[PDB]
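Asks: got a structure for you, letters missing:
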RNA sequence: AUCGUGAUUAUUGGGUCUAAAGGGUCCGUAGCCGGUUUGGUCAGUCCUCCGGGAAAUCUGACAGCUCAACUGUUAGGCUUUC
RNA sequence: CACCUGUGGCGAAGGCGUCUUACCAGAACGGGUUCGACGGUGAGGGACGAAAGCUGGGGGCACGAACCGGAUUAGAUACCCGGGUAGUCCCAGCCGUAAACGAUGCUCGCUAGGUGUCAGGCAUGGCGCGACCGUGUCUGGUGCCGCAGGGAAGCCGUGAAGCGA
Ligand SMILES: [Mg+2]
Ligand SMILES: [Mg+2]
Ligand SMILES: [Zn+2]
Ligand SMILES: [Zn+2]
């Protein structure tokens, strides 16, 4: 594998080992073959195989919009989807796109009933809205599980979040918007302004 | 002022545009009767000195300089030769900083824009990659996705040559680079 | 805010400055201004332009700042006030003139609506004043009989 | 600042005939004739009144 | 991680980190404070630019 | 017509925080407005505030130090007892010990943590976090 | 059938430009919502007290039915919102 | 009742274009003017309410449902063309509906900007340095452009479909 950008040269030199220092570098993480060495423990799951099509003069174009979400079950998770003529190349392109979009989300115990403080649930209440699908990340008591959907359980188990209550608004049929709104909520987890004394 | 205000009056630097913006009020000191609003020349030299202090913290071969106008084209090339900075005078490819497989690929650390409104694509590309940019606005410019503002007339040939020579000499003195270029080199061929 | 019956908001306010004291550049006294107010009232001049003529030809910045009393306070103190407020009298006077005009132009429906709006303002003023005991509880605004210029 | 100020200002007009030390408001809505003898100090314009005699000094 | 114009966290993609143009101390800016030109004030040297 | 000045002030603070403006003016100041601003200042969410009188109800020159996320009035001002704060906290607030509810009480106006310490309740006034 | 699903009755907690949906406009009662401010009261409200709010069913444990449900004691709940 | 005429104006909306006069009303603008919360919205209820239609009296140039005739076409009970009644107009009432639309109810505070033009006010340069016209600026309307914001998007965007009451 030939690194191409400055981040690839830095990771091949050994200066950047984990993705946190790469994000601290501030450069664009464009090569899919950098995060695999930075995080060899990356895991992902295909979230749907919804087969799109398209109209032509003679026949009908066919593609696959398979989406795969990537996390590490510790506090890092990312979103990524891709399409191509075959399910294999489509899912592999989605895996390439997802690993470039991994982010670090800080976690704790902000539940009204839970009082542990050790990171097992969302730090506080946040929202994720991709399309009309919206998800609120209300904290949950420890040792309880995710009070969300099956794809929500997959995405939040990839992201490392353990116990959460949620709620869904709008047309929840689109699994792609469900994954993207969960991503938006997790990104709003670590963007709200916290007190300096906390 | 490091250079006398009479020189800025003569060189056309203080001439702006008949219409100004509300965010450019802080760099304007007085409305002229003609319509063209004169900028703050002391503020212009202050911004130039602050940018040269900021540009002196980095090597010239990591800086990026872009320009679009013909009148800003020659002094941009003079800046690129006198510093070694990779300039993009003339037409600009939209995917130079991004698009690693494209010709003209670059991974800078600071961006310089000769005119922020005209060089909008470079501003969007720098904002996408996340590179702070020292810009060169005018009386009818907005500083969106701009880190540092240089209030000078970018539509005057003499003003552009004088401002580019001032920035070049200021940076080259701050970073102890040998600067043997003179303003006639940066002056546009008349 | 919007007006009472037209929603055309406006900001042509009279900007009175923050003055907690009487004038320091004027030699006018409280007795002089109260005498001027009483004489102008006996001439037949309403309180809206009494202060205006005080502030224009005598340059009096405000009667309350110097005398400590507004125009109507001086009017009540000297027994030189009307039995009905000037705003209610003005609205009733305009309504009577508008009704006199509308009794010969029965096609003038726009001014019929204008009369209705002024009637709404008149009932609003009467409701406020009966709330604050300025006018009697049993004296309702009769638009045909008990609406004359001096009501008794 | 945060407080509002009276952009319209007073004057110190001096009477052209009786030399009265009268005071007039600048944005006069009425013909401010002289208090004492015979004069009209300024006429009521919709904006700023047009003064006919000397202004000794514009006040606040 | 804390902007000098808003103080919000630079967890999103597109945060620019740069030293001061007057003293060299690090000053941060977000997309909203950079798209909208929010004035940033350096807490050490007091430098204020648009 | 102006008929909710505390909610207007908190909406202005919300707008100023959303734009990230360090300072903003507060439309006509009130005593409960000053009490809410003082309790919010003691919570550390709001920096500074001064009553600059203008021959009117009075206004504020509030220096927002960038510590809040959203703050509006509580309408209706619900009656609350010492054993009735946690449901309002679970409704408005995002997390335990995160953000406070401005409460008005006969002892004084204060966040519901200090009200629970006082063991006296009353009417909810607002919420800030 | 009915509850939940369904924030598909939505005070919490929905919408109403183009998807069902702003009344043609407007005036306007009951209702409802209401400026800053000194002075007085304390009715809603607030903390507290005292008379109540039958047991039963509810929750937990103890005790005893072999575990169990279940019966008794007991600490809570409801009884509500006088 | 043309051109004049406008991505102008006034009006609660419907709506209003020859001119003169009388009557009336609102607005914005200026205001160290009078008043002191007198305010917003508002189911019921009330008035206004385009055009068509209806009732009674007029008027009828033009236009023009119906109707009659001439073509078109397979047919034409239609488009086309020739006549042309009711009607359009006025006077006195009724009905009370429109895609009565901005498909956006009304009131308030709040929130980057650039950008016409209109009323008023205000500075200044010119103006036969006068009646007048230019640029700047505050306020209130009247349009386009659009960041943030939000929406499913078209989009909206201090004149919200933004954020609260
Ligand atoms: Mg008709
Ligand atoms: Mg409507
Ligand atoms: Zn815990
Ligand atoms: Zn005289």
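Replies: Done, it's in. Residues are numbered from 1 along each chain as shown, chains lettered A, B, ... in the order given. Ligands and ions are numbered 1, 2, ... in the order given.

Asks: residues in contact with whichever residue of chain B sits closest to RNA strand G?
Replies: Scanning chain B for the residue nearest RNA strand G gives residue B:144, at 26.8 Å (criterion: CB to the nearest atom of the strand). Where C-beta positions appear, they are placed from N, C-alpha and C, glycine not excepted. Neighbouring residues of residue B:144 by CB atoms under 8 Å, 6 or more residues apart in numbering or on different chains: B:116, B:123, E:34, E:35, E:36, E:37.

Asks: now these in JSON lines, with distance to chain A?
Replies: Shown next, in JSON lines, are these (distance: CB to the nearest CB, whole Å):
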{"residue": "B:116", "distance to chain A": "21"}
{"residue": "B:123", "distance to chain A": "16"}
{"residue": "E:34", "distance to chain A": "14"}
{"residue": "E:35", "distance to chain A": "16"}
{"residue": "E:36", "distance to chain A": "17"}
{"residue": "E:37", "distance to chain A": "21"}
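
Asks: Provide a PyMOL selection command restricted to the buried entries of these.
Replies: Buried subset of these, written as a PyMOL selection, criterion 16 or more other CB atoms under 10 Å in any protein chain shown:
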select buried, (chain B and resi 116+123) or (chain E and resi 34+36+37)
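
Asks: close to RNA strand H: what parts of chain A are there?
Replies: Chain A comes close to RNA strand H at residues A:129, A:131, A:132, A:170, as judged by CB under 7 Å from any atom of the strand.

Asks: how far away is residue A:72 from residue B:67?
Replies: Distance of residue A:72 to residue B:67, given as CB to CB, to the nearest Å: 45 Å.

Asks: so which of those two has more stuff around it?
Replies: Using other CB atoms under 10 Å in any protein chain shown, the more surrounded residue of residue A:72 and residue B:67 is residue B:67, with 30 against 20.

Asks: wait, isn't that one in contact with residue B:122?
Replies: No - using CB atoms under 8 Å, residue B:67 is not in contact with residue B:122, being 9.7 Å away.

Asks: what do the two both touch?
Replies: residue B:88.

Asks: quick one: is stretch C:1-17 near chain D?
Replies: Yes - applying CB under 8 Å from any CB of the partner chain, one finds stretch C:1-17 touching chain D at C:15, C:16, C:17.

Asks: for the residues you listed, pick the one with the most neighbours.
Replies: residue C:17 (14 neighbours).

Asks: find the nearest non-adjacent residue to it, please.
Replies: residue D:6 (4.2 Å; CB to CB, 6 or more residues apart in numbering or on different chains).

Asks: which outside residues touch stretch F:108-124?
Replies: Here stretch F:108-124 has contacts from F:32, F:35-36, F:39, F:43, F:74, F:77-82, F:84-85, F:88-89, F:100-107, F:125, using CB under 8 Å, 6+ apart.

Asks: would you turn the contacts of residue B:144 into a markdown table with secondary structure and distance to RNA strand H?
Replies: As requested, the contacts of residue B:144 are exported to a markdown table (DSSP: H, G, I helix; E, B strand; the rest coil; distance: CB to the nearest atom of the strand, whole Å):
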| residue | secondary structure | distance to RNA strand H |
| --- | --- | --- |
| B:116 | coil | 13 |
| B:123 | helix | 12 |
| E:34 | helix | 10 |
| E:35 | helix | 5 |
| E:36 | coil | 6 |
| E:37 | coil | 7 |
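
Asks: return the list of helices and strands in contact with the longest helix along chain F.
Replies: Longest helix in chain F, counting residues (DSSP state H): helix F:5-19. With contacts taken as 3 or more CB pairs under 8 Å, 6 or more residues apart in numbering or on different chains; DSSP states H and E, helix F:5-19 sits against strand F:23-26, helix F:31-43, strand F:59-63, strand F:71-73, strand F:122-128.

Asks: buried residues in stretch D:11-23, which are they?
Replies: Applying 16+ other CB under 10 Å to stretch D:11-23 flags D:11, D:12, D:13, D:14, D:15, D:16, D:20, D:22, D:23 as buried.

Asks: out of those residues, what pair is the most spread apart?
Replies: D:16 and D:23 (15.5 Å; CB to CB).

Asks: contacts only, for residue C:48.
Replies: residue C:86.

Asks: and the residue of chain B nearest ligand 3?
Replies: Closest contact between chain B and ligand 3, by CB to the ion, is at residue B:130 (35.6 Å).

Asks: so that residue touches residue E:18, yeah?
Replies: No - between residue B:130 and residue E:18 no contact is recorded; they are 9.9 Å apart, counting by CB under 8 Å.

Asks: of those two, give the one with the bigger neighbour count.
Replies: Legend: neighbour count by other CB under 10 Å for residue B:130 and residue E:18, higher for residue E:18 (23 against 18).

Asks: now the more buried one, what's its secondary structure?
Replies: For residue E:18, the assignment made with DSSP: H, G, I helix; E, B strand; the rest coil gives strand.

Asks: skip the chain neighbours and tell me the closest residue to it.
Replies: Per CB to CB, 6+ apart, closest to residue E:18 is residue B:132, 4.1 Å.

Asks: circling back to that earlier point, format the buried residues of stretch D:11-23 as JSON lines; extra columns: secondary structure.
Replies: As requested, the buried residues of stretch D:11-23 are exported to JSON lines (three-state DSSP):
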{"residue": "D:11", "secondary structure": "coil"}
{"residue": "D:12", "secondary structure": "coil"}
{"residue": "D:13", "secondary structure": "strand"}
{"residue": "D:14", "secondary structure": "strand"}
{"residue": "D:15", "secondary structure": "coil"}
{"residue": "D:16", "secondary structure": "coil"}
{"residue": "D:20", "secondary structure": "coil"}
{"residue": "D:22", "secondary structure": "coil"}
{"residue": "D:23", "secondary structure": "coil"}
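
Asks: out of these, who's nearest chain B?
Replies: residue D:11 (28.6 Å; CB to the nearest CB).

Asks: looks like the closest one contacts residue D:59 (just checking).
Replies: Yes - here residue D:11 lies in contact with residue D:59, judged by CB under 8 Å, at a distance of 6.6 Å.

Asks: pull the number of nearby residues for residue B:72.
Replies: Neighbours around residue B:72, by other CB under 10 Å: 28.

Asks: how close does residue F:93 get to chain E?
Replies: 20 Å (CB to the nearest CB, to the nearest Å).

Asks: ramachandran coordinates for that residue?
Replies: When quoted as degrees, to the nearest 10, the phi and psi of residue F:93 stand at phi -80, psi 160.

Asks: distance check, it against residue F:127.
Replies: For residue F:93 relative to residue F:127 (CB to CB), the value is 7 Å.

Asks: overlap of the contact sets of these two?
Replies: F:99, F:100, F:101.

Asks: tell me which of those residues fall in strands.
Replies: F:100, F:101 (DSSP state E).

Asks: nearest to residue C:141, of the shared contacts of residue F:93 and residue F:127?
Replies: Closest approach between these and residue C:141, by CB to CB: residue F:101, at 48.5 Å.

Asks: who touches residue D:18 in this structure?
Replies: D:34, D:36, D:37, D:38, D:39.

Asks: go through those and say which is closest to ligand 3.
Replies: Using CB to the ion, the contacts of residue D:18 come closest to ligand 3 at residue D:34, 86.9 Å.

Asks: list the contacts of the closest residue to the closest one other than its chain neighbours.
Replies: Spatial nearest neighbour of residue D:34, chain neighbours left out: residue D:15 (4.9 Å); criterion: CB to CB, 6+ apart. Listed by CB under 8 Å, 6+ apart, the contact partners of residue D:15 are D:21, D:22, D:34, D:36, D:37, D:39, D:41, D:53.

Asks: you'd agree the fifth one is in a helix?
Replies: If I follow you right, that is residue D:37. No - secondary structure assignment (three-state DSSP) places residue D:37 in coil, not in a helix.

Asks: give the contact list for it.
Replies: D:15, D:17, D:18, D:20.

Asks: test my guess that the second one contacts residue D:39.
Replies: Right, the one you point to is residue D:17. Yes - at 4.9 Å, residue D:17 counts as touching residue D:39 under the criterion of CB under 8 Å.

Asks: point me to the residue of chain D nearest ligand 3.
Replies: For chain D, CB to the ion, closest residue to ligand 3: residue D:2, 47.8 Å.
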